[PDB]
Amino acid sequence: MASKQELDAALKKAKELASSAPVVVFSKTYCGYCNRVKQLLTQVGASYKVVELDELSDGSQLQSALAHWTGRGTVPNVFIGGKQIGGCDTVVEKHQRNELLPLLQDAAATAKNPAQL
C-alpha cells in the first residue's frame with residue numbers, strides 16, 4: 001500500500017505542527033468540543049495554533065498519525081510546549097483546577113508572564 005511510510009510522514013508532519021507554536025489544537029471544522037478548546041484558550045489569553053484536519057490536504061492520514069502517536073485519535077487533541085496534554089475534557093479540567101494556567105505560563109503561551117510561573 002504505502003501507509004506505513006505515509007503514517008510515518010504524517011507523524012513527522014504532526015510532530016512539526018505540534019512544535020510550530022507553544023500550543024497546538026488538532027481539531028475539525030465544526031465540533032463543539034473544538035470550539036470549546038478554542039474559546040477556553042482564547043479566554044485565558046493563550047497564543048495557540050489550530051490544525052482543522054477536515055480542511056488539511058492530508059487530514060485523514062494526519063488524524064491516523066495522531067491516533068497511532070497518542071492512542072487518542074479523537075478531536076480536539078491538544079499539545080502545549082510540544083508535548084501532548086489530552087483533549088477538550090483534559091484542558092477544561094486542568095483550567096478548573098487552575099493547573100492549565102501554570103502550564104501555559106511555563107510554555108510562555110499566555111503573554112501575561114513571559115518569564116514562567
# chains A, B, ... in the order shown; residues from 1 in each chain; ligands from 1

call {"tool": "residues_around", "arguments": {"residues": "residue 116 of chain A", "least_positions_apart": "2", "cutoff": "10 Å", "atoms": "only C-alpha atoms", "output": "list in words"}}
result
residues 102, 103, 104, 105, 106, 107, 108, 109, 110, 111, 112, 113 and 114 of chain A

call {"tool": "closest_atom_pairs", "arguments": {"of": "segment 36-109 of chain A", "to": "segment 10-24 of chain A", "cutoff": "9 Å", "atoms": "only C-alpha atoms", "output": "CSV"}}
result
residue,atom,partner,partner_atom,distance
A:46,CA,A:23,CA,7.9
A:47,CA,A:23,CA,6.8
A:48,CA,A:23,CA,4.6
A:49,CA,A:24,CA,4.6
A:50,CA,A:24,CA,5.6
A:51,CA,A:24,CA,7.4
A:58,CA,A:10,CA,7.9
A:61,CA,A:10,CA,6.2
A:62,CA,A:10,CA,5.0
A:63,CA,A:10,CA,8.4
A:64,CA,A:10,CA,8.1
A:65,CA,A:11,CA,5.0
A:66,CA,A:11,CA,7.1
A:68,CA,A:11,CA,8.4
A:69,CA,A:11,CA,7.3
A:77,CA,A:24,CA,8.4
A:78,CA,A:24,CA,5.8
A:79,CA,A:24,CA,5.2
A:80,CA,A:23,CA,4.3
A:81,CA,A:22,CA,4.9
A:82,CA,A:19,CA,4.8
A:83,CA,A:18,CA,7.6
A:84,CA,A:18,CA,8.3
A:104,CA,A:23,CA,8.1
A:107,CA,A:22,CA,5.9
A:108,CA,A:22,CA,7.2
A:109,CA,A:22,CA,5.6

call {"tool": "select_by_dssp", "arguments": {"residues": "segment 17-78 of chain A", "states": "helix (DSSP H, G or I)", "output": "count of residues only"}}
result
28

call {"tool": "residues_around", "arguments": {"residues": "segment 37-39 of chain A", "least_positions_apart": "4", "cutoff": "10 Å", "atoms": "only C-alpha atoms", "output": "PyMOL selection string"}}
result
chain A and resi 25+27+32-33+43-46+48-50+76-78+87-92

call {"tool": "select_by_dssp", "arguments": {"residues": "chain A", "states": "strand (DSSP E)", "output": "PDB file with C-alpha atoms, in the first residue's frame"}}
result
ATOM      1  CA  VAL A  23       0.038  25.447  21.997  1.00  0.00           C
ATOM      2  CA  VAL A  24      -1.474  23.411  19.124  1.00  0.00           C
ATOM      3  CA  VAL A  25      -5.069  22.159  18.704  1.00  0.00           C
ATOM      4  CA  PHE A  26      -5.547  19.274  16.262  1.00  0.00           C
ATOM      5  CA  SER A  27      -9.288  19.666  15.579  1.00  0.00           C
ATOM      6  CA  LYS A  49      -2.217  27.205  16.588  1.00  0.00           C
ATOM      7  CA  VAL A  50      -5.075  25.113  15.171  1.00  0.00           C
ATOM      8  CA  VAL A  51      -4.977  22.220  12.664  1.00  0.00           C
ATOM      9  CA  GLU A  52      -8.539  21.737  11.363  1.00  0.00           C
ATOM     10  CA  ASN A  77      -6.281  16.697  20.696  1.00  0.00           C
ATOM     11  CA  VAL A  78      -4.201  19.409  22.403  1.00  0.00           C
ATOM     12  CA  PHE A  79      -0.443  19.917  22.776  1.00  0.00           C
ATOM     13  CA  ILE A  80       1.409  22.519  24.882  1.00  0.00           C
ATOM     14  CA  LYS A  83       4.065  17.741  24.374  1.00  0.00           C
ATOM     15  CA  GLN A  84       0.626  16.104  24.144  1.00  0.00           C
ATOM     16  CA  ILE A  85      -1.711  17.027  27.034  1.00  0.00           C
ATOM     17  CA  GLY A  86      -5.090  15.405  26.248  1.00  0.00           C
ATOM     18  CA  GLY A  87      -8.272  16.783  24.659  1.00  0.00           C
TER      19      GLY A  87
END

call {"tool": "atom_distance", "arguments": {"atom1": "atom CA of residue 93 of chain A", "atom2": "atom CA of residue 40 of chain A"}}
result
10.9 Å

call {"tool": "closest_residue", "arguments": {"among": "A:42, A:98, A:29, A:5", "to": "residue 59 of chain A", "atoms": "only C-alpha atoms"}}
result
A:29
